[PDB]
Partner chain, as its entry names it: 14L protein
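A single chain, nothing else alongside it, follows as structure tokens in the form deposited without the partner chain.
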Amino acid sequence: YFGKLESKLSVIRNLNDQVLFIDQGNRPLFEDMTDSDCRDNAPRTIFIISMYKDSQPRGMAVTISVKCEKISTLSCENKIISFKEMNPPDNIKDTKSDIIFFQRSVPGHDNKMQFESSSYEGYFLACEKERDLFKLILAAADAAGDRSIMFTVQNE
């Protein structure tokens, strides 16, 4: 069981310092942005990270959402990343949820974060280059040094 506690606004960057944003097709991408780009493309660049209490504690449980047109919440349902148009719910009945990730400090890096799927243990949010685009994906990662699953989370 997960219960919603408190939320914070944040910008999310991959290790290349590219900013996560929701694009016109409702897909999560990374792009090089100045701070001003970032701010002017709010609310597509400003993510809401909501903390949840967990009846089966395995880390800091969070949802990630964004207010593009309506509020959309990040999902890794069926091991693929997509947005669901929904508010982060007040509670979630199950111990595994496609919208709950565990935010973890990256071992050997105080300031970088990973987001592990609660649904699929050992799978993480990652950045992958695809052609000319940098996409957010769900990836299996076994190694703490894996740079593709490391993010910077800056408050507001």
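Residue numbers count along the first chain shown, from 1.
There is also a form solved in complex with the partner chain; it is not shown, and the following applies to it.
Counting only non-hydrogen atoms and a 4.5 angstroms cut-off, does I46 reach the partner chain in the bound PDB entry? Flag for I46 set to no.
Is there a heavy atom of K96 lying 4.5 Å or less from a heavy atom of the partner chain in the bound PDB entry? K96: no, not in contact with the partner chain in the bound PDB entry.
Within 4.5 Å, heavy atoms only: does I64 come near the partner chain in the bound PDB entry? No, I64 stays farther than 4.5 Å from the partner chain in the bound PDB entry.
Contact between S119 and the partner chain in the bound PDB entry at 4.5 Å, heavy atoms? Taking the distances in the bound PDB entry, the answer for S119 is no, it never comes within 4.5 Å of the partner chain.
What residues of 88-114, in sequence order, lie within 4.5 Å of the partner chain in the bound PDB entry by heavy atom? Residues within 4.5 Å: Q103, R104, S105, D110, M113.
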